Structures are given as structure tokens and as C-alpha cells.
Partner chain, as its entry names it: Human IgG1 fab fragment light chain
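This document starts with one chain, in the form solved without its partner chain, laid out as C-alpha cells.
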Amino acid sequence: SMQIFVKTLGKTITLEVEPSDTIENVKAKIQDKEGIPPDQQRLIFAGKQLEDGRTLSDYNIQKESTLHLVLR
């Protein structure tokens, strides 16, 4: 259990996450906290978009990492 940062274009969301959480899981936590549907969430880490079905661990996202949310 750890925390990461999701920056918007801005209002930084702090999330409580596990290395094993899938990206969809993370996107769902963003929805709970911001009301943005997962279908309209694009998440970027280290310059690459994060895909459904992989975990934060898979991308080597560790404690206090910053993610970037792209929104309309």
C-alpha cells in the first residue's frame, strides 16, 4: 500500500494504491474522486500511456510517483 500523484493540466490527485493495482483499478479510483469516467481517462507515466490490464508494478511505478491525466 502506497500513494502516487496524478497531475491534471494543476489539481493534483493523491491516490492510495497497491503495486498490484491494475490501471483500470487506478482509473476507477480517479472516477470515485473526480467523477471522470474511465472511458475518458488517458494516463501517462514516463512519457507513455498506461494500458488496461497492466499493473502499476508492471510499469515500475513506485511510491510517490507522478502520473499525468489527459482530459478534454
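Numbering follows the first chain given and starts at 1.
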* Are any deposited residues left out of the model between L9 and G10, and how many (none, 1 to 3, 4 to 9, 10 or more)? -> 1 to 3
* **Segment of higher mean CA temperature factor, 15-23 or 50-58** => 15-23
* 40-48 versus 26-34 - which carries the larger mean C-alpha B factor in the record -> 26-34
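A second form of this protein, the form solved in complex with its partner chain, is not displayed here; the remarks below concern that form.
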* To do: Scan 29-64 and write down, in order along the chain, each residue with a heavy atom lying within 4.5 Å of its partner chain in the deposited complex.
  => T55, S57, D58
